[PDB]
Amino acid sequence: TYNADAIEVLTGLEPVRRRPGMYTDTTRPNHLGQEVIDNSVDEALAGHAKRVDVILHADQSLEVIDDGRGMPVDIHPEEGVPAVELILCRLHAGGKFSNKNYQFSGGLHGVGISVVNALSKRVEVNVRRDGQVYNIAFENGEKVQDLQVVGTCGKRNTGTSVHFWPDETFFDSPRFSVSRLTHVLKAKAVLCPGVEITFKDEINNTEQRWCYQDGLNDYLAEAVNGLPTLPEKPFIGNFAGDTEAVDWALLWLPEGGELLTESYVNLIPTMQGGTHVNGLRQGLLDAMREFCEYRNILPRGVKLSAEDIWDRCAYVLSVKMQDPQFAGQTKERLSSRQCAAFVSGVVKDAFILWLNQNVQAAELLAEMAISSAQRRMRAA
């Protein structure tokens, strides 16, 4: 039979435990770690947290500590439960559905930490607020320890600590990728100037710390250091408005070499790019086309295409949006339609102006793009 009883209604964290693939990267637990790290970074971005400490424990569990405002522990006026339980056990429950708690945040779904909870054998949360320390714990997504006061601390000492033990049953490998972890963490320090980021690995017995006042430029430069580039130092630019901002560092490696191509939205690494990256690409192409067309150095029958200025472009792109739109909980791609035009406009304007005031380096770049077009033409 196929009647009403055939329809099942999953509630709480059950959908995450039943369909893990839709909520996280099941390759390894690193992404679970990023959900937690992102939440701490959002506090730093809002200017509340000054540091985020991450610890990979010998038992392969992960602990993330921040000195932000701390997760709210008071009773929710409508749900009648401490905000903390709500945040940990309910999907689509969070403080980033508006811009009242954070102006620019990587979080927006009200799902992250609850996914960490659903896929962990155990989760311990500690909050420091009002000169008091609170504790609450879960196992397999279910609360096993009610919110309780575990002591006193300085009134000015506030923050959140999350320690979780991933359930190996949901991942290809239960081991945390160390290189991925440090790559993600260093980037946070680069993208949020002044915030101190630390990573203590107790499996391999190491400890690192990252804190950069400048950031972008050196990050790209060092990544390509020792490789011929054009121009000699990265082309950088930025624009900041109330609801949006864009920052970048880029250059080309025409003679070959490993390219660095990273894009971010509210410090969330968008590994699959998206509309913001499309904008950067289009802007660079529009400006180069203008330079070539005006200087009349474009051979008859030769038309530049995106590939001609993108193929060997190494770049780091960091965008801020009051209300981004990602294609999935993993946030690998930004699908926010208007961000393409936004980035494109800023980049084209900055690049054409830079080109016009750096004629020598510009002509070399132009030659690089044109020869690429002819190479591509002869190929077809």
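Each residue number is its position in the shown sequence, starting from 1.
When the mean C-alpha temperature factors of 106 to 114 and 206 to 214 are read from the deposited coordinates, 206 to 214 comes out higher. Mean C-alpha B-factor is higher over 71 to 79 than over the other stretch, the pair under comparison being 71 to 79 and 179 to 187. Highest C-alpha temperature factor among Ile37, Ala58, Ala341, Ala314 per the entry: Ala58. Which of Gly159, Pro231, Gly279, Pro269 has the largest Cα B-factor in the deposited entry comes down to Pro231. When the modelled residues of the chain are ordered by their C-alpha B factor, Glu332 lands in the middle third. Sorting the modelled residues of the chain by their CA temperature factor places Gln132 in the highest third. Among all modelled residues in its chain, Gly274 ranks in the lowest third by Cα B-factor. Per the PDB record, residue ranking by Cα B-factor puts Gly194 in the highest third of the chain. In the deposited entry, the Cα temperature factor of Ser371 sits in the top third of values across the chain's modelled residues.
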